[PDB]
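Reading through the structure tokens given below for one structure.
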Amino acid sequence: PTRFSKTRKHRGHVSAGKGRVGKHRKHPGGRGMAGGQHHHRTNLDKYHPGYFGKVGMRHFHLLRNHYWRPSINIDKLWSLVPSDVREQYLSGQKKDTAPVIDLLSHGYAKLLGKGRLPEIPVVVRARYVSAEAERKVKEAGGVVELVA
Amino acid sequence: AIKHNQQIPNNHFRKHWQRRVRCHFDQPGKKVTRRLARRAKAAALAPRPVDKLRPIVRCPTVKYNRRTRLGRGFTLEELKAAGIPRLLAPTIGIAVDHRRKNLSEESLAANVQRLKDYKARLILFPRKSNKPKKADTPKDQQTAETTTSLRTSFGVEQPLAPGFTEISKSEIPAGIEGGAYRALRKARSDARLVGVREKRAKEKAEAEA
RNA sequence: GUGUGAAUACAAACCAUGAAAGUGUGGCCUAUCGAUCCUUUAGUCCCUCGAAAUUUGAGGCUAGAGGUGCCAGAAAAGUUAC
RNA sequence: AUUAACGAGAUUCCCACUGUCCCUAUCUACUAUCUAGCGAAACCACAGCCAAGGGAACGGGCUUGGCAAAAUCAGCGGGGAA
RNA sequence: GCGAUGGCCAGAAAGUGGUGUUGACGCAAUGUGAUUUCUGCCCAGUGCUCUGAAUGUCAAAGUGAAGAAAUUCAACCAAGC
RNA sequence: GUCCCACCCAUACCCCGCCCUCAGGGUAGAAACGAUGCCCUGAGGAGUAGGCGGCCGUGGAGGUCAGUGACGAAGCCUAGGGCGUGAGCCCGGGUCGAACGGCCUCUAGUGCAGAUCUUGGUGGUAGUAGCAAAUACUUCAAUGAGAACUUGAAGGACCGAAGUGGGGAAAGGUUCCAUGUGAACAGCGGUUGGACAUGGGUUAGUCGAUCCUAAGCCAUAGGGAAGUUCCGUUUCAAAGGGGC
RNA sequence: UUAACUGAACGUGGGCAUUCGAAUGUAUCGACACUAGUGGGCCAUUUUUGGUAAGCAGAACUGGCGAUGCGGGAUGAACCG
RNA sequence: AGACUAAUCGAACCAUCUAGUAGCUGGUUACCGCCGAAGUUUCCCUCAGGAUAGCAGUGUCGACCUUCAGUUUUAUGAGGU
RNA sequence: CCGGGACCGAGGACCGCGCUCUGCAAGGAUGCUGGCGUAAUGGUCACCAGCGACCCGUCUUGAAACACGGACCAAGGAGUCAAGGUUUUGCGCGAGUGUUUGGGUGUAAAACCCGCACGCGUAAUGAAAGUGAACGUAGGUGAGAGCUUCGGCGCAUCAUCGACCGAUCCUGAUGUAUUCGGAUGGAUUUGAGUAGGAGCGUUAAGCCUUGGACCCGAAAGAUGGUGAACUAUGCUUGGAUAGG
RNA sequence: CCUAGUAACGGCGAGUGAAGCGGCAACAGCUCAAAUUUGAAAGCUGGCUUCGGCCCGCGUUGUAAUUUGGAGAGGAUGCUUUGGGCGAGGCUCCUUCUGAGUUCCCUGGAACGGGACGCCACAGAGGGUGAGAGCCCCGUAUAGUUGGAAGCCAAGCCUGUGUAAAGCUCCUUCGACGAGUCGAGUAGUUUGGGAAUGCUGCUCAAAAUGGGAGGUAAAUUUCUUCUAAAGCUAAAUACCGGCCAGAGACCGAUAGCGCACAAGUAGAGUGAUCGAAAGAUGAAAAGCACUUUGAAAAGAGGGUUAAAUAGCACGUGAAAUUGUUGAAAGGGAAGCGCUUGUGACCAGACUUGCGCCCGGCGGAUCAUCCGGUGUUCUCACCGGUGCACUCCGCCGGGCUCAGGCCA
């Protein structure tokens with residue numbers, strides 16, 4: 001909508017808000033990133049520290065599929081089971097049956113352990129598992145088994 | 001000419017981009033054209049289904065390894081197991097692929113069953129009405145409800161494994177002796193030293209002799 | 001209150017000197033000097049060459065040297081009275 | 001370094017001649033001038049009398065004084081920093 | 001400067017051209033500027049030109065040695081300097 | 001030079017009225033209110049470059065005024081009126097002849113004195129500068145609305161055979177001849193005209209082109225070039241014409 | 001750290017307002033986000049450098065013109081109110 | 001003679017790439033209300049130009065925090081005109 | 001304590017403070033009277049009179065300038081659009097969020113419906129192989145709006161001391177493919193981390209970059225074509241120039 | 001669409017920049033060289049022919065059948081498969097036909113305007129007719145109907161048949177497979193391709209479980225995956241150049257293409273090429289008969305028209321500049337701001353209102369009660385009953401209060 005913008009309020013005022021002494025010429029200072037090391041250095045060092053240089057070794061023909069392994073913490077583990085079944089276990093009505101969770105079917109490969117776990121035995125099937133996560137699930141009566 | 005705290009711009013707009021711009025104002029007009037072609041094609045193939053039969057295939061990469069999808073055609077070994085001639089298959093709606101192989105036995109068994117029941121659901125009209133043949137339908141069961149999509153009626157039933165399973169207590173197995181975390185570390189370092197260990201052991205055998 | 005130069009006070013090691021308390025992190029104090037990219041040497045015994053091994057070769061991480069004196073650092077000779 | 005002949009080449013002197021000059025005067029033809037018919041262009045913020053002062057340090061316009069009477073024709077080259 | 005298998009010059013190339021229907025009293029490239037009388041000393045510098053015993057310098061290819069190879073190291077070595 | 005009385009005036013100071021900005025309060029057992037409203041109280045107002053807020057107009061789109069109009073819509077003229085601080089809105093009179101507004105949202109090729117700005121139109125200068133090379137005109141009669149520059153006769157002059165004479169090449173293209181004529185053109189006039197209107201006019205065995213070659217140009221045989229094409233003209237070619 | 005519960009910092013508990021311990025004001029308290037113009041200046045009192053001097057060149061504290069009318073200096077961007 | 005090559009020559013004329021680039025001149029369209037500047041610091045083949053800090057506006061939140069001050073008094077230090 | 005003169009009249013039932021107290025000068029002007037009821041008061045336009053008043057736009061420390069542009073009138077005439085960022089305002093859902101590449105359907109470029117993948121977010125750190133977030137009611141101390149049984153509990157946020165994960169430098173237990181393995185405990189080190197999630201889509205404004213980029217403007221550079229009717233040189237074929 | 005502004009390149013400066021996987025639209029596969037028909041060149045261009053065939057030629061330095069790596073050949077073995085002819089019916093193209101007022105009155109030159117009364121509608125899109133028309137006219141919506149031409153698809157029927165050719169299951173054994181090519185060195189160009197991604201020039205020049213690739217050069221040993229140096233083929237995709245059609249929050253004659261008009265025209269240049277200006281009388285020309293002045297152009301009367309304030313210089317006709325008439329001012333500029341005066345012209349406002357008393361005229365109906373209905377449940381309406389000191393309207397007289405301007 002152009003009916004309400006600052007260009008409509010500049011009608012009748014010479015120089016259109018750009019100043020008299022400095023007249024808004026074509027391209028003072030250069031085009032793009034010109035002067036990075038010569039006259040725009042002061043801005044390019046207060047911000048963006050690290051533009052210039054080389055770091056690390058290079059990799060030819062990287063395929064990102066080799067490095068696919070999303071991770072999930074342990075405190076969100078119980079959110080994977082459906083709500084109707086979930087409330088039965090926490091309320092304490094089953095008492096003789098344990099769930100077997102398949103992380104791969106939900107799109108995970110590594111089971112990290114960050115929070116706390118309630119004292120109900122479970123079975124987790126994961127491609128990878130952390131050292132701290134294995135201990136917490138084991139002291140709750142459960143077991144973790146690699147699945148590939 | 002940067003002036004404030006900004007993100008460094010990279011806009012590839014220095015060639016003559018204005019000469020090659022492809023606006024899409026014919027999105028709804030094109031859609032009408034395709035729908036006119038499908039229903040025109042369906043009329044030509046009056047009793048036949050529009051599509052063709054496809055086999056079940058697993059994706060080829062470690063990521064997407066879990067999911068399954070439709071393929072291109074049945075291998076020559078799958079057709080032989082189900083007792084279908086090679087030349088007769090393409091003419092009754094079956095698609096054949098001659099450059100695929102059955103490395104495992106799990107994939108072979110799944111596709112054979114998927115192709116065997118299709119043969120039972122097929123109605124085959126005779127070439128000449130006055131003289132039917134042995135493999136033709138005897139004209140008594142030619143009148144039945146038919147399907148035309150054959151992609152929804154024969155799609156993948158379930159691509160992924162069930163989300164979870166529920167088993168009784170005291171049936172939970174025992175883990176690896178060392179543990180899950182330590183089983184991975186040992187397996188990683190064993191492959192690193194497979195060369196150093198083998199030659200050190202081997203040279204000892206010649207050293208003693 | 002960015003960089004370079006130079007300067008002050010401690011911490012953890014190893015030493016010199018003196019009987020000992022102590023003193024010593026260059027010249028009694030105020031000047032005496034140098035980025036990115038590239039090359040070269042010392043160090044650990046370390047990581048990678050992406051189908052799998054073993055030796056050459058090459059590539060990485062940390063500290064010095066080769067230099068810009070227009071010294072916060074382009075590679076550069078004249079004439080026009082047509 | 002000299003040099004006969006030749007030159008719409010540069011320079012100095014002598015004889016003849018003359019309004020170049022002392023020092024200006026007169027005559028003739030075609031214009032300028034008046035009339036009938038025909039009939040343009042440059043230029044132009046608004047305009048058009050002076051003296052001093054101050055001011056962007058040389059005013060037609062400001063301040064203090066001089067002053068100041070319709071409408072007009074032929075010449076002129078001080079000014080309009082024309 | 002040049003005796004034709006040549007000197008000067010044109011063209012992207014050509015079984016292509018100019019001088020040339022030409023041959024040293026000829027063709028081509030420069031400086032001085034009728035006649036008379038003359039035209040001195042300097043080869044250190046910058047150019048041009050000549051003579052290769054000299055080994056000084058020295059490319060690609062080729063030869064020899066080490067190594068499992070990539071590769072490295074040696075002699076020899078045209079013109080020019 | 002020093003001292004003392006009275007008196008004159010700034011957009012400055014004091015009191016009062018009105019406008020706007022800012023800050024602080026009151027208003028529901030609602031007899032209640034464009035609650036974005038109303039009432040009470042206090043202080044302040046200069047401004048280039050620049051920032052923000054509120055409003056007025058122009059061309060189109062959706063909704064709504066059961067909107068105005070051939071008994072006169074839009075447009076234009078008007079030292080005739082009313083409203084607003086202002087951009088602007090409304091009405092009276094004259095001319096004319098077919099479409100046009102108010103209110104809330106949407107949308108943009110949306111507001112001019114300048115840029116030696118673009119296109120078109122018009123002034124002062126101005127009835128002014130000027131229409132002065134090539135020796136020069138005069139009397140009578142006729143035509144006609146009208147004669148210095150139309151026609152006849154008689155005088156006076158110039159070009160003076162390397163001519164202002166008589167014929168051609170290049171170039172022009174009907175300008176040639178007759179009859180007639182309002183405007184325009186012939187830098188004055190015009191009955192006259194190389195202008196305007198209507199008709200007519202260019203005859204070859206002997207004069208030219210047609211034939212032959214010169215400097216030169218282009219095909220053929222062949223060779224270059226990715227190619228448009230470059231070279232080659234007797235060249236490393238099986239190349240012709242005469243009689244019964 | 002000291003011969004040493006001897007010190008050192010940080011602590012628990014308790015005591016001290018009857019008056020929280022100079023004047024005046026508080027017509028303006030703290031923090032954060034985004035961005036415009038500007039980066040040629042000039043004049044005056046006191047101090048002051050080069051120069052014979054300048055309506056000349058160069059500095060320190062503060063007030064002004066630029067960005068601003070009004071009343072006085074007849075006139076006059078900077079002087080007085 | 002830098003002379004001539006269609007009034008054009010110290011490198012002809014016509015169309016296109018082309019709306020060629022400019023730290024340099026010129027222009028930039030209605031009204032009212034409130035606030036209101038800078039010519040200075042550091043770096044740059046930088047000195048007619050840019051980045052950086054400063055001055056300025058608008059949008060806010062935390063409390064109405066009782067905190068503050070281009071000022072005076074009292075106690076106590078430094079200086080070399 | 002008594003005179004004289006000038007300017008003003010805001011407000012619109014009662015309420016209050018008081019006095020000289022059948023009342024009043026005490027929270028803002030009323031009473032009596034005369035002429036005229038239209039051009040009389042008032043408003044517009046033209047002219048004379050007193051005082052004041054240099055030409056606009058622009059660059060500049062300084063413009064009425066002997067600094068530049070401007071004879072006059074009518075119409076045209078200059079911060080726009082797309083992609084990618086960023087902060088702030090409104091709106092939907094919320095550990096999630098986004099239908100429209102595509103399919104179904106339709107009164108047909110409108111409207112309505114459906115889902116597999118995928119994008120951003122939920123986990124960081126190293127060059128890399130790799131590893132990967134609770135001693136405590138998710139900690140201790142000093143301030144904090146609000147609540148409270150009056151004892152206290154204390155959001156957001158500010159400062160400070162600690163705990164955990166990754167990297168760097170030390171230490172090297174139990175074990176053993178006797179060279180592999182890396183527990184435990186430290187260190188004036190280091191990170192865009194954890195410590196009871198805040199994000200995704202859309203609307204509007206300011207700002208940034210590349211694009212013709214607010215409008216008009218060079219002296220040059222490159223690709224492809226057309227000219228010897230002027231003039232310069234040469235070739236083939238013609239012509240012309242008294243008398244001493 | 002995503003991967004992705006990612007891996008990578010780059011005075012590692014300014015800058016540049018792909019691919020695999022994944023979802024969808026559309027889907028379709030194949031024929032040559034290398035083998036002896038060898039118990040029979042079984043193949044083909046051309047000419048003549050009555051239509052049955054004949055003749056010359058090409059060709060053994062290789063014309064048909066058979067085979068193409070998915071195989072296949074050669075052997076075993078039992079089953080199965082295969083031609084022709086009719087054909088309803090349906091779909092494309094052109095062409096015949098389609099509902100309702102000129103009813104009545106007013107303004108007007110002319111109703112298509114205003115008022116009253118009607119009808120049609122699977123048709124209220126658009127245009128014309130003397131002004132805004134569903135019913136005056138062409139068309140518009142719906143399925144049918146008259147006639148004709150040529151191609152497709154296809155329900156279902158009628159007849160031959162194994163000399164031949166084809167499919168399937170197993171096997172001891174065989175199993176031919178593209179050369180100045182691949183590859184290597186060097187040079188130039190190019191790419192995101194980095195001890196060198198593709199292309200091209202020159203030198204050297206292969207092999208039979210052989211060869212290429214596996215994104216870091218080299219040697220030794222394993223592994224995965226395809227089969228190069230011969231060839232064909234629909235759909236999903238691009239485009240307004242050519243022939244047509246339907247539309248718009250686009251422009252409205254200095255705009256929109258240079259061109260709404262006898263526009264790539266007139267015109268300029270030796271030439272390549274450059275390139276404009278210009279729409280509108282009225283419903284209908286009904287485009288002014290006749291008289292008179294003048295040499296003529298034209299003028300004055302008189303005519304057509306609703307209008308000549310529409311006369312082929314024509315709808316509406318602004319500003320700059322000019323003429324006539326009226327008013328006013330002027331001693332080397334004019335214009336302008338504050339405040340009176342004179343002259344001309346002019347908008348408002350006022351010209352009564354309410355109440356009371358007396359008198360006169362006219363009407364039905366004030367309090368009260370009964371019945372019905374509504375509603376805010378206690379407030380109202382209608383019908384009846386009233387019947388003159390009540391109520392209402394008008395007129396005449398008297399009185400109080402207020403109301404315009406300047407003092």
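Lettering and numbering for the structure tokens are positional, with chains as A, B, ... in the shown order, residues counted from 1 in each chain, and ligands counted from 1 in the shown order.
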
Considering only C-alpha atoms, give me a table of residues in chain A that are at most 6 Å from chain B, with the closest atom pair and distance in Å for each, as a Markdown table.
```
| residue | atom | partner | partner_atom | distance |
| --- | --- | --- | --- | --- |
| A:32 | CA | B:1 | CA | 5.4 |
| A:33 | CA | B:1 | CA | 6.0 |
| A:96 | CA | B:169 | CA | 5.3 |
| A:97 | CA | B:168 | CA | 4.1 |
| A:98 | CA | B:167 | CA | 5.6 |
| A:99 | CA | B:166 | CA | 4.5 |
| A:100 | CA | B:165 | CA | 5.0 |
| A:101 | CA | B:164 | CA | 4.9 |
| A:102 | CA | B:164 | CA | 5.8 |
| A:105 | CA | B:163 | CA | 5.8 |
| A:131 | CA | B:181 | CA | 5.6 |
```

Practice prompt. Just the helix (DSSP H, G or I) stuff from segment 88-141 of chain B, please, per backbone DSSP, written as a PyMOL selection string.
Written response: chain B and resi 89-92+106-120

Mind dumping the selected residues with N, CA, C and O atoms as a PDB file, in the first residue's frame?
```
ATOM      1  N   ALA B  89       3.554 -61.540 -19.678  1.00  0.00           N
ATOM      2  CA  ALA B  89       3.417 -60.621 -18.549  1.00  0.00           C
ATOM      3  C   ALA B  89       3.140 -59.180 -18.962  1.00  0.00           C
ATOM      4  O   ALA B  89       2.202 -58.579 -18.410  1.00  0.00           O
ATOM      5  N   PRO B  90       3.883 -58.564 -19.890  1.00  0.00           N
ATOM      6  CA  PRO B  90       3.630 -57.144 -20.189  1.00  0.00           C
ATOM      7  C   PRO B  90       2.270 -56.872 -20.803  1.00  0.00           C
ATOM      8  O   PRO B  90       1.821 -55.720 -20.772  1.00  0.00           O
ATOM      9  N   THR B  91       1.603 -57.876 -21.363  1.00  0.00           N
ATOM     10  CA  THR B  91       0.359 -57.653 -22.084  1.00  0.00           C
ATOM     11  C   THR B  91      -0.880 -57.804 -21.208  1.00  0.00           C
ATOM     12  O   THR B  91      -1.995 -57.645 -21.711  1.00  0.00           O
ATOM     13  N   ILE B  92      -0.720 -58.102 -19.919  1.00  0.00           N
ATOM     14  CA  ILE B  92      -1.862 -58.207 -19.018  1.00  0.00           C
ATOM     15  C   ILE B  92      -1.689 -57.271 -17.829  1.00  0.00           C
ATOM     16  O   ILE B  92      -2.171 -57.556 -16.728  1.00  0.00           O
ATOM     17  N   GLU B 106      14.248 -62.653   1.743  1.00  0.00           N
ATOM     18  CA  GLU B 106      13.092 -61.969   2.313  1.00  0.00           C
ATOM     19  C   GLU B 106      12.332 -61.184   1.251  1.00  0.00           C
ATOM     20  O   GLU B 106      11.097 -61.230   1.201  1.00  0.00           O
ATOM     21  N   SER B 107      13.052 -60.454   0.397  1.00  0.00           N
ATOM     22  CA  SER B 107      12.407 -59.683  -0.663  1.00  0.00           C
ATOM     23  C   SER B 107      11.754 -60.590  -1.696  1.00  0.00           C
ATOM     24  O   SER B 107      10.672 -60.279  -2.206  1.00  0.00           O
ATOM     25  N   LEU B 108      12.397 -61.712  -2.020  1.00  0.00           N
ATOM     26  CA  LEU B 108      11.847 -62.630  -3.013  1.00  0.00           C
ATOM     27  C   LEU B 108      10.507 -63.201  -2.569  1.00  0.00           C
ATOM     28  O   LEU B 108       9.574 -63.305  -3.373  1.00  0.00           O
ATOM     29  N   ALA B 109      10.387 -63.573  -1.294  1.00  0.00           N
ATOM     30  CA  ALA B 109       9.152 -64.193  -0.828  1.00  0.00           C
ATOM     31  C   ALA B 109       8.003 -63.195  -0.782  1.00  0.00           C
ATOM     32  O   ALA B 109       6.856 -63.551  -1.071  1.00  0.00           O
ATOM     33  N   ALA B 110       8.285 -61.945  -0.409  1.00  0.00           N
ATOM     34  CA  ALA B 110       7.220 -60.952  -0.309  1.00  0.00           C
ATOM     35  C   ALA B 110       6.602 -60.650  -1.670  1.00  0.00           C
ATOM     36  O   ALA B 110       5.377 -60.540  -1.790  1.00  0.00           O
ATOM     37  N   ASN B 111       7.432 -60.516  -2.705  1.00  0.00           N
ATOM     38  CA  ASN B 111       6.924 -60.140  -4.019  1.00  0.00           C
ATOM     39  C   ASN B 111       6.168 -61.278  -4.692  1.00  0.00           C
ATOM     40  O   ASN B 111       5.207 -61.027  -5.427  1.00  0.00           O
ATOM     41  N   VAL B 112       6.587 -62.525  -4.469  1.00  0.00           N
ATOM     42  CA  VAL B 112       5.915 -63.661  -5.099  1.00  0.00           C
ATOM     43  C   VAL B 112       4.466 -63.756  -4.637  1.00  0.00           C
ATOM     44  O   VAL B 112       3.554 -63.965  -5.446  1.00  0.00           O
ATOM     45  N   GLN B 113       4.230 -63.604  -3.333  1.00  0.00           N
ATOM     46  CA  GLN B 113       2.863 -63.619  -2.823  1.00  0.00           C
ATOM     47  C   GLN B 113       2.054 -62.448  -3.366  1.00  0.00           C
ATOM     48  O   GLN B 113       0.875 -62.600  -3.701  1.00  0.00           O
ATOM     49  N   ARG B 114       2.672 -61.269  -3.453  1.00  0.00           N
ATOM     50  CA  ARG B 114       1.976 -60.095  -3.970  1.00  0.00           C
ATOM     51  C   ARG B 114       1.574 -60.272  -5.428  1.00  0.00           C
ATOM     52  O   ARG B 114       0.571 -59.703  -5.870  1.00  0.00           O
ATOM     53  N   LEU B 115       2.329 -61.063  -6.184  1.00  0.00           N
ATOM     54  CA  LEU B 115       2.013 -61.317  -7.582  1.00  0.00           C
ATOM     55  C   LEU B 115       1.095 -62.515  -7.773  1.00  0.00           C
ATOM     56  O   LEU B 115       0.373 -62.580  -8.775  1.00  0.00           O
ATOM     57  N   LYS B 116       1.103 -63.464  -6.838  1.00  0.00           N
ATOM     58  CA  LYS B 116       0.298 -64.669  -7.002  1.00  0.00           C
ATOM     59  C   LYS B 116      -1.189 -64.373  -6.850  1.00  0.00           C
ATOM     60  O   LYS B 116      -2.010 -64.891  -7.615  1.00  0.00           O
ATOM     61  N   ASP B 117      -1.555 -63.542  -5.872  1.00  0.00           N
ATOM     62  CA  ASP B 117      -2.964 -63.235  -5.650  1.00  0.00           C
ATOM     63  C   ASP B 117      -3.547 -62.335  -6.731  1.00  0.00           C
ATOM     64  O   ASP B 117      -4.765 -62.345  -6.936  1.00  0.00           O
ATOM     65  N   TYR B 118      -2.712 -61.555  -7.420  1.00  0.00           N
ATOM     66  CA  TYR B 118      -3.196 -60.776  -8.554  1.00  0.00           C
ATOM     67  C   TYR B 118      -3.699 -61.687  -9.665  1.00  0.00           C
ATOM     68  O   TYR B 118      -4.700 -61.384 -10.321  1.00  0.00           O
ATOM     69  N   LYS B 119      -3.010 -62.807  -9.893  1.00  0.00           N
ATOM     70  CA  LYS B 119      -3.428 -63.739 -10.933  1.00  0.00           C
ATOM     71  C   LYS B 119      -4.797 -64.336 -10.633  1.00  0.00           C
ATOM     72  O   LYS B 119      -5.539 -64.682 -11.560  1.00  0.00           O
ATOM     73  N   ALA B 120      -5.150 -64.467  -9.353  1.00  0.00           N
ATOM     74  CA  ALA B 120      -6.452 -65.014  -8.993  1.00  0.00           C
ATOM     75  C   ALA B 120      -7.580 -64.012  -9.208  1.00  0.00           C
ATOM     76  O   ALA B 120      -8.727 -64.418  -9.423  1.00  0.00           O
TER      77      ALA B 120
END
```

Worksheet item: So which residues of chain A fall under strand (DSSP E) by DSSP, listed as a PyMOL selection string?
Response: chain A and resi 71-72+97-102+110-111+123-126+128-129+143-146

Produce a file of the selected residues containing C-alpha atoms, as an mmCIF file, in the first residue's frame.
```cif
data_model
loop_
_atom_site.group_PDB
_atom_site.id
_atom_site.type_symbol
_atom_site.label_atom_id
_atom_site.label_comp_id
_atom_site.auth_asym_id
_atom_site.auth_seq_id
_atom_site.Cartn_x
_atom_site.Cartn_y
_atom_site.Cartn_z
ATOM 1 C CA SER A 71 19.345 -37.967 18.859
ATOM 2 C CA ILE A 72 16.689 -37.873 21.581
ATOM 3 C CA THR A 97 3.889 -55.849 31.477
ATOM 4 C CA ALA A 98 6.635 -53.695 29.984
ATOM 5 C CA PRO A 99 6.704 -51.685 26.742
ATOM 6 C CA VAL A 100 9.280 -52.149 23.999
ATOM 7 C CA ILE A 101 10.077 -48.861 22.247
ATOM 8 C CA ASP A 102 11.599 -48.831 18.745
ATOM 9 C CA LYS A 110 21.091 -42.318 19.239
ATOM 10 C CA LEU A 111 19.579 -42.269 22.734
ATOM 11 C CA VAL A 123 13.014 -51.889 26.842
ATOM 12 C CA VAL A 124 14.759 -49.550 24.389
ATOM 13 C CA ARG A 125 16.081 -50.602 20.969
ATOM 14 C CA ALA A 126 18.568 -48.074 19.573
ATOM 15 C CA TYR A 128 23.622 -45.887 19.498
ATOM 16 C CA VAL A 129 23.478 -45.207 23.229
ATOM 17 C CA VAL A 143 17.665 -52.865 29.450
ATOM 18 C CA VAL A 144 18.982 -51.348 26.215
ATOM 19 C CA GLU A 145 19.866 -53.574 23.251
ATOM 20 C CA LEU A 146 21.598 -52.632 20.007
#
```

Show me, as CSV, the residues of chain B having an atom within 12 Å of chain C, each with the closest atom pair and its distance in Å, using only C-alpha atoms (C1' of nucleotides).
```
residue,atom,partner,partner_atom,distance
B:191,CA,C:52,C1',10.2
B:192,CA,C:53,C1',10.4
B:193,CA,C:53,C1',10.3
B:194,CA,C:53,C1',8.4
B:195,CA,C:53,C1',6.0
B:196,CA,C:54,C1',8.9
B:197,CA,C:53,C1',11.4
B:198,CA,C:53,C1',10.0
B:199,CA,C:54,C1',9.0
B:200,CA,C:54,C1',11.7
```

Counting only C-alpha atoms (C1' of nucleotides), which residues of chain I sit at most 8 Å from some atom of chain A, and what is each one's closest atom pair with its distance in Å to one decimal, listed by chain and rising residue number, as a Markdown table?
```
| residue | atom | partner | partner_atom | distance |
| --- | --- | --- | --- | --- |
| I:79 | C1' | A:7 | CA | 7.2 |
| I:127 | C1' | A:56 | CA | 3.9 |
| I:132 | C1' | A:112 | CA | 7.6 |
| I:133 | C1' | A:114 | CA | 6.1 |
| I:134 | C1' | A:115 | CA | 7.0 |
| I:205 | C1' | A:5 | CA | 8.0 |
| I:209 | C1' | A:32 | CA | 6.7 |
| I:210 | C1' | A:32 | CA | 7.5 |
```

Worksheet item: Which residues, written as a ChimeraX atom specification, have at least one atom at most 10 Å from residue 56 of chain H, with only C-alpha atoms (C1' of nucleotides) counted and residues fewer than 4 positions away on the same chain left out?
Response: /F:50-51 /G:36-37 /H:35-37

With 10 Å as the cut-off and only C-alpha atoms (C1' of nucleotides) counted, what is the closest atom pair between each nearby residue of chain A and chain C? Distances in Å to one decimal, ordered by chain and number, as a Markdown table.
```
| residue | atom | partner | partner_atom | distance |
| --- | --- | --- | --- | --- |
| A:37 | CA | C:72 | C1' | 9.1 |
| A:38 | CA | C:72 | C1' | 8.6 |
| A:41 | CA | C:72 | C1' | 9.3 |
| A:42 | CA | C:2 | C1' | 8.1 |
| A:45 | CA | C:2 | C1' | 7.3 |
| A:46 | CA | C:2 | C1' | 7.1 |
| A:52 | CA | C:36 | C1' | 6.5 |
| A:53 | CA | C:36 | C1' | 6.1 |
| A:54 | CA | C:37 | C1' | 9.0 |
| A:55 | CA | C:60 | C1' | 9.2 |
| A:56 | CA | C:60 | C1' | 6.4 |
| A:57 | CA | C:60 | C1' | 5.5 |
| A:58 | CA | C:59 | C1' | 8.3 |
| A:59 | CA | C:50 | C1' | 8.6 |
| A:60 | CA | C:50 | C1' | 8.3 |
| A:61 | CA | C:50 | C1' | 8.3 |
| A:62 | CA | C:50 | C1' | 7.9 |
| A:63 | CA | C:50 | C1' | 8.9 |
| A:66 | CA | C:50 | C1' | 9.5 |
```

Which residues of chain J come within 12 Å of chain A, and what is each one's closest atom pair and distance in Å (one decimal), counting only C-alpha atoms (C1' of nucleotides), sorted by chain and residue number, as a Markdown table?
```
| residue | atom | partner | partner_atom | distance |
| --- | --- | --- | --- | --- |
| J:3 | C1' | A:64 | CA | 9.9 |
| J:6 | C1' | A:62 | CA | 9.8 |
| J:7 | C1' | A:62 | CA | 5.4 |
| J:8 | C1' | A:60 | CA | 7.4 |
| J:12 | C1' | A:53 | CA | 7.8 |
| J:13 | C1' | A:36 | CA | 8.8 |
| J:14 | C1' | A:34 | CA | 6.8 |
| J:15 | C1' | A:33 | CA | 9.9 |
| J:18 | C1' | A:61 | CA | 10.9 |
| J:19 | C1' | A:61 | CA | 9.0 |
| J:20 | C1' | A:63 | CA | 7.8 |
| J:21 | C1' | A:65 | CA | 7.9 |
| J:22 | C1' | A:65 | CA | 11.6 |
| J:192 | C1' | A:61 | CA | 10.6 |
| J:193 | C1' | A:60 | CA | 9.6 |
| J:194 | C1' | A:60 | CA | 8.4 |
| J:215 | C1' | A:61 | CA | 6.2 |
| J:216 | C1' | A:60 | CA | 9.5 |
```
